[PDB]
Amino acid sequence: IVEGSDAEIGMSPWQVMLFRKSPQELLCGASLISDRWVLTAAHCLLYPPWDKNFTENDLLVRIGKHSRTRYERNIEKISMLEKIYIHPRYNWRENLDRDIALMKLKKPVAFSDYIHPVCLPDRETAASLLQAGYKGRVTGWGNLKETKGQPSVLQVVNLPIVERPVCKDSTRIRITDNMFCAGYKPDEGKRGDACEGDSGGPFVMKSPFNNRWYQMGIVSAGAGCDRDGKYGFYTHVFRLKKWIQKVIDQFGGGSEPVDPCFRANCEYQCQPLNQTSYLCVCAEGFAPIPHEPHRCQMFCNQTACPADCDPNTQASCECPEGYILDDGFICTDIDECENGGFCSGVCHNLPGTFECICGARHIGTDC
């Protein structure tokens, strides 16, 4: 968000962060619409020109977040995806027409002071509020400039809707009715925009009729960020409610040399033990895969561990399974008990996994 400010705590409790597992990195914004459903942009998930094509196991959904980077123990909640649904007429070749996607969560999320869904507008709410010069609000963890330009905390800015003739004449791309645009004009002397990394986040408006927040759009596109006489573009949520309805109805009811090493085919490294036998060994902070011992993987006994980022890079970070990246380029264990969603029984957390006592005891499983 360019020329936004820090969000107050609890200000956008429907704000959802999409988080790539491997490598560990913020992917996009999204929004929470019920305890099972998340709304976002299709290009976050799928955009072939940037080799983007994620399936469900590639991502995490983190909810109730405020800090960009801190793992917010006892506040944020991590949800896994059951399924992704991209609009079937999503036009990435040309327009980003219908830049929209739905995400169903494996389990319902627990609501709290920080986690709470947004309303989707009806015909009348849309009609009345989606009008030039009325302001909505956009939030995200994206870039602070076009040209670290990364915020430590969720950013917010309020922006007026812009009338089509002006949106239209601001760009050579064919604008459709499934979009609208927003932002100040050069002579208005305030400025503000969404920027890269804010895609999928909500454009919201507080209704003066019932005092509720409605998501009118989804951060979609623009040219640079905060350019004079340019305007950010949003997916027109109401226009696509048809489709939302249809996917939710259809899919919602769920929840020879002498060298022992010669033979080896180790992923990282061979070490000879005897003259007659070898051992596949692994880089520091790694270990062999218990049932797949020629292959290798990250490992941690402990509550936290350093991230395997790429040496010369200052990022590209991996973590072990059941850990997440954190401040200080660290992997910290996930507490699947505090989180909820992993265990109906009596839960004991464990570094990398957990224990679930089902009423027989399960390690890393429910019942």
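Sequential numbering from 1, following the sequence displayed.
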Deposited residues missing from the model between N274 and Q275 number none
Unresolved deposited residues in the interval that joins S255 and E256: 10 or more
Of 334 to 342 vs 307 to 315, the stretch with the larger average CA B-factor in the entry is 307 to 315
257 to 265 versus 242 to 250 - which carries the larger mean C-alpha B factor in the record: 257 to 265
Looking only at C270, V162, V237, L105, the Cα with the top B-factor belongs to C270
For the C-alpha B-factor as written in the entry, point me to the maximum among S207, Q150, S199, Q155. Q150
Temperature factor at the Cα of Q215, chain-ranked in thirds, falls in the lowest
Against its chain's modelled residues, does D35's Cα B factor rank lowest, middle or highest third? lowest
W50's Cα B-factor: lowest, middle or highest third of the chain? middle
Taking the entry's C-alpha B-factors for this chain, is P13 in the lowest, middle or highest third? lowest
In terms of the CA temperature factor given in the entry, to which third of its chain does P320 belong: lowest, middle or highest? middle
